[PDB]
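First the structure, in the form of structure tokens, and then the observations on it.
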Amino acid sequence: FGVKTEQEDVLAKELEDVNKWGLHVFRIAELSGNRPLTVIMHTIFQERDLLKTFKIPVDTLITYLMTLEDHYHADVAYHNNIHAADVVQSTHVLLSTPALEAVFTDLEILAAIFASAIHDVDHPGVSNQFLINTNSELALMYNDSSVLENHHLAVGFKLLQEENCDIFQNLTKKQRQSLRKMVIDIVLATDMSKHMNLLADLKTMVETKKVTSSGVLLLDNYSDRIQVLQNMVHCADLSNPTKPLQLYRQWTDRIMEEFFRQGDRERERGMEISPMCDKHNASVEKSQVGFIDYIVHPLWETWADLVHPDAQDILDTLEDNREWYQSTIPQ
Ligand SMILES: O=c1c2cccnc2n(-c2cccc([N+](=O)[O-])c2)c(=O)n1Cc1ccncc1
Ligand SMILES: [Mg+2]
Ligand SMILES: [Zn+2]
């Protein structure tokens with residue numbers, strides 16, 4: 001016809017909030033026919049002019065994106081395509097913070113967004129330790145070391161080889177080598193076993209924080225640049241408690257569903273039930289307050305310092321949600 005369907009128009013209107021924290025990502029998932037990752041990535045690529053800059057054919061991008069999304073598991077409650085789309089969109093917002101204006105190149109931006117899109121692809125909904133303890137083929141391949149995170153990368157890159165999926169076909173070898181290194185460095189840093197070290201180095205960076213009069217951040221070497229990009233995507237990955245409570249509670253329900261399912265599998269197998277995975281011995285409210293106090297608030301407070309005052313509202317929202325859960329603990 002040449003004109004959008006009414007569902008497509010309603011989807012387009014929702015996507016006008018692509019640059020805002022708290023996008024209605026679950027509504028977009030529904031309106032797009034469970035294509036949140038494809039539609040959100042396409043919108044962001046168009047907005048940042050990445051198709052023109054990197055000479056990506058539009059049909060190749062849509063084909064690759066649909067293929068990537070298809071390799072997230074629809075049966076997995078949390079680590080699915082909706083989570084991927086959320087992490088992409090959250091990274092997209094963080095990249096555009098005033099404190100980071102003109103800091104990153106288009107290739108570095110491409111790296112952060114692509115890494116976000118692929119960072120949990122083909123997740124089975126169980127932890128690295130579950131895969132290790134069962135002597136899974138994946139664990140054997142990857143020597144029990146960042147098993148899932150290595151796999152997410154291998155799959156994200158492998159899918160480029162499917163029919164009309166090589167979205168990097170026009171990049172030079174130099175551009176591809178740089179992009180690849182950045183993407184690998186970012187996704188391997190999403191392993192939660194790397195969190196404390198990652199946070200340690202972010203703190204040190206804030207301690208030595210340098211800024212150019214009219215104060216955008218100053219980053220002079222790859223180590224500093226990649227460190228900020230790694231922590232940015234890690235912040236996006238751990239951004240659920242910083243969103244409006246209506247969104248945050250949906251994510252909590254999903255991750256508890258996934259965790260309890262793993263616990264049920266551990267129980268039926270005679271394995272010890274992993275932390276937070278026992279549906280018969282859970283303290284959801286207590287656990288969220290602990291999660292925030294020990295992991296999420298320390299990370300985000302440090303990020304907020306790096307980009308001060310850009311992240312004040314995000315940090316305020318986190319603190320409100322923390323107090324809500326705290327007030328909800330049965331004594
Ligand atoms: O993003 C969230 C997450 C997001 C929303 C709600 N809860 C989350 N929790 C969570 C769940 C139960 C208990 C605790 N705890 O610290 O005691 C944390 C989590 O660990 N992450 C990070 C994470 C996500 C996926 N796999 C492992 C860790
Ligand atoms: Mg992960
Ligand atoms: Zn993730």
Side-chain angles (χ1 to χ4, degrees), residues 4-5 7-8 10-19 23-76 78-96 106-123 149 151-171 175-176 179-180 182-184 186-187 190 233 236-237:
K4 294 171 277 163
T5 200
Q7 203 185 175
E8 287 164 353
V10 177
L11 172 58
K13 283 161 181 161
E14 285 289 349
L15 287 164
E16 297 171 6
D17 295 337
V18 69
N19 303 325
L23 174 75
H24 300 151
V25 70
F26 295 103
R27 209 210 170 184
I28 285 154
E30 296 165 316
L31 295 162
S32 70
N34 194 30
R35 286 247 168 265
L37 182 63
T38 297
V39 305
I40 289 169
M41 284 279 282
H42 178 67
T43 298
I44 289 162
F45 273 55
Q46 291 288 6
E47 200 82 343
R48 298 188 164 276
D49 209 26
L50 298 168
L51 290 96
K52 283 181 82 86
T53 298
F54 295 105
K55 301 296 179 296
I56 308 171
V58 75
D59 53 316
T60 310
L61 180 65
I62 296 308
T63 305
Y64 174 79
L65 292 168
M66 290 187 308
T67 301
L68 178 67
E69 188 152 36
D70 284 345
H71 284 72
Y72 282 88
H73 296 199
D75 60 303
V76 171
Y78 182 92
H79 294 105
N80 55 47
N81 55 322
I82 312 176
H83 172 64
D86 181 46
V87 173
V88 165
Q89 189 263 333
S90 307
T91 291
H92 168 65
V93 178
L94 296 172
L95 282 168
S96 293
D106 292 327
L107 195 67
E108 281 162 353
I109 290 160
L110 177 62
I113 294 167
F114 181 77
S116 294
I118 73 169
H119 85 277
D120 274 331
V121 66
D122 202 32
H123 201 298
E149 295 75 17
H151 181 60
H152 303 318
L153 283 162
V155 176
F157 288 120
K158 189 77 189 100
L159 289 177
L160 296 170
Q161 294 164 23
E162 286 196 9
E163 183 68 35
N164 195 26
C165 290
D166 187 6
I167 59 161
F168 308 123
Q169 61 188 253
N170 288 320
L171 271 59
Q175 283 177 307
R176 290 183 282 112
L179 176 63
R180 192 170 152 81
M182 289 190 288
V183 167
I184 290 165
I186 293 166
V187 178
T190 70
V233 173
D237 203 20

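The analysis underlying the following values was restricted to heavy atoms, covering all of them including side chains, and did not include hydrogens, waters or symmetry mates. Residue numbers run from 1 in the order of the sequence given.
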Point to revise | CA sep, side-chain torsions, deciding dist, call: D122, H151, side-chain hydrogen bond (donor to acceptor under 3.5 Å, both in side chains) | key: CA-CA 8 Å; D122 202 32; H151 181 60; 2.6 Å; yes

Check your understanding: Could you state the interatomic distance from CD1 (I82) to CD (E69), rounded to the nearest 0.5 Å?
Key -> 9.0 Å

Study note, to complete from the structure: Heavy-atom nearest pair, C165 first then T63, reads SG-CG2, 3.9 Å

Exercise for review: Take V58 and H42, measure what side chain to side chain contact (heavy atoms under 4.5 Å, CB included) needs, and give me the verdict at the end.
Suggested key: CA-CA 9 Å; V58 75; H42 178 67; 3.9 Å; yes

Practice item. Verify side chain to side chain contact (heavy atoms under 4.5 Å, CB included) between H92 and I40, making sure each step is shown before the conclusion. Key: CA-CA 10 Å; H92 168 65; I40 289 169; over 6 Å; no

Practice item. Check whether any side-chain heavy atom of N34 sits under 4.5 Å from a side-chain heavy atom of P36, and report yes or no. Key: yes

Review point. Do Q7 and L11 come within less than 4.5 Å of each other through their side chains, counting heavy atoms only?
Key: no

Review point. Could you walk me through whether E149 and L153 pass the side chain to side chain contact (heavy atoms under 4.5 Å, CB included) check?
Key: CA-CA 6 Å; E149 295 75 17; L153 283 162; 5.9 Å; no

Check your understanding: CG/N19 to CD1/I44 distance, rounded to the nearest 0.5 angstrom?
Key -> 8.0 Å

Review point. How long is the span from the CD atom in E163 to the OG1 atom in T67, to the nearest 0.5 Å?
Key: 10.5 Å

Exercise for review: Please report the shortest heavy-atom distance between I56 and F45, naming the atom on each side.
Suggested key: CD1-CE2, 3.8 Å

Exercise for review: Output the distance between atom CD (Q175) and atom CG (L179), rounded to the nearest 0.5 Å.
Suggested key: 8.5 Å

Exercise for review: Going by the side chain to side chain contact (heavy atoms under 4.5 Å, CB included) test, name the single residue among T43, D106, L95 that passes it with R48.
Suggested key: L95

Check your understanding: Minimum heavy-atom separation for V25 to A85, with atom names?
Key -> CG2-CB, 4.4 Å

Practice item. Go through the steps for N81 and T38 under the test side chain to side chain contact (heavy atoms under 4.5 Å, CB included), then give the verdict. Key: CA-CA 9 Å; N81 55 322; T38 297; over 6 Å; no

Review point. For the residue pair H73 and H123, is the inter-centroid distance of their aromatic rings smaller than 6.0 Å?
Key: no

Review point. With a 4.5 Å limit on heavy-atom distance, are the side chains of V87 and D120 in contact?
Key: no

Point to revise | ring-ring contact (aromatic ring centres under 6.0 Å, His included) against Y78, all qualifying residues, sequence neighbours excluded | key: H83, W251

**Study point:** Note, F54 side chain near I167 side chain (heavy atom, < 4.5 Å)
**Key:** no

Practice item. Give, for atom NE2 of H119 and atom CG of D237, the distance between the pair rounded to the nearest 0.5 Å. Key: 4.0 Å

Review point. Going by heavy atoms in the side chains, are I118 and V155 under 4.5 Å from each other?
Key: no

Practice item. Determine the minimum heavy-atom distance between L107 and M182, stating which atoms define it. Key: O-CE, 3.9 Å

Practice item. Check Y72 against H79 and note the closest heavy-atom contact, atom names and distance. Key: CD2-O, 4.1 Å

Check your understanding: Is any side-chain heavy atom of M41 less than 4.5 Å from a side-chain heavy atom of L68?
Key -> no

Point to revise | Shortest non-hydrogen separation from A115 to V187 and the atoms involved | key: O-CG2, 3.7 Å

Practice item. Check for a donor-acceptor pair, side chain of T91 on one end and backbone N or O of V88 on the other, with a separation under 3.5 Å. Key: no

**Study point:** Nearest-0.5 Å distance, CG of residue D70 to CG of residue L37
**Key:** 10.5 Å

